[PDB]
Amino acid sequence: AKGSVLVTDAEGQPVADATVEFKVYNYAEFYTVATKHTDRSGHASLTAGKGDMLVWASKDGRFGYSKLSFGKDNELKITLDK
């Protein structure tokens with residue numbers, strides 16, 4: 001299915017051109033399978049096999065992450081809160 005990501009800063013503002021890595025868990029670690037950059041609205045999308053991915057969003061050393069269940073979750077909002 002399709003998995004969409006919204007990346008915002010701590011003040012709810014969309015982050016343009018944040019790096020968005022989608023990772024799959026294997027052998028006790030997460031392996032990046034795709035790398036996207038958010039558009040001017042703070043959105044990035046991936047089409048992939050149904051399944052759980054860790055989504056890792058970063059911009060200039062600020063970062064946030066969450067699980068996206070592809071085929072169950074439609075759009076994940078990630079707060080670059082770290």
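Residues numbered from 1 in each chain as written, not as in the entry; some residues may be left out. Heavy atoms only, no water. Residues with missing side-chain atoms left out of burial classes, pairs and counts.

- Structure determination for this entry, per the PDB record, employed X-ray crystallography and reached 2.400 Å resolution.

**A look at the environment of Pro-14**
Here comes step 1: Mapped onto the secondary structure, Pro-14 falls in the loop between β1 (2–8) and β2 (19–26).
Here comes step 2: For the pair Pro-14 and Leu-68, spaced 54 residues apart in the sequence, the C-alpha separation amounts to 19 Å.
Here comes step 3: Ignoring sequence-local partners within four residues, the contact set of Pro-14 consists of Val-7, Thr-8, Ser-41 and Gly-42. (Helix = DSSP H or I, 4+ residues; strand = E, 2+ residues; numbered from the N terminus. Contact = heavy atoms within 4.5 Å.)

**Some words on the sheet that holds strand β5 (residues 51–59)**
Here comes step 1: Strands sit in the order β3-β2-β5-β6 across an open sheet of four strands; the sheet is antiparallel. Edge positions in the sheet fall to β3 (29–37) and β6 (62–70), since each has one partner strand and no second. For this sheet the average axis-to-axis angle between neighbouring strands, irrespective of direction, equals 25 degrees. (Pairing = 2+ DSSP bridges. Axes fitted to C-alpha atoms, helices over the stretch in contact; angles between N-to-C directions.)

**Observations concerning the sheet that holds strand β4 (residues 43–47)**
Here comes step 1: One open sheet accounts for three strands, arranged β4-β1-β7; its pairing is mixed. Of all the strands in the sheet, the pair left with one neighbour each is β4 and β7 (75–79). Each strand of the sheet is rotated relative to its neighbour by a mean of 20 degrees, with strand direction disregarded.
Here comes step 2: Pairing geometry for β1 and β4, over five bridges, is antiparallel. Paired with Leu-6 across the strands is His-43, a residue of β4.

**Description of the nonpolar core**
Here comes step 1: Core analysis: the largest hydrophobic core is formed by 17 residues, its most contacted members being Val-5, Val-7, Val-20, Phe-22 and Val-55.
Here comes step 2: Secondary-structure elements contributing two or more residues to this core are β1, β2, β4, β5, β6 and β7.
Here comes step 3: Looking at which element gives the most residues to this core, the answer is β5, with three residues. (Core = buried A, V, L, I, M, F, W, Y, C linked by side-chain atoms within 4.5 Å. Buried < 20%, exposed > 50% of the residue type's maximum accessible area, 1.4 Å probe, protein only.)

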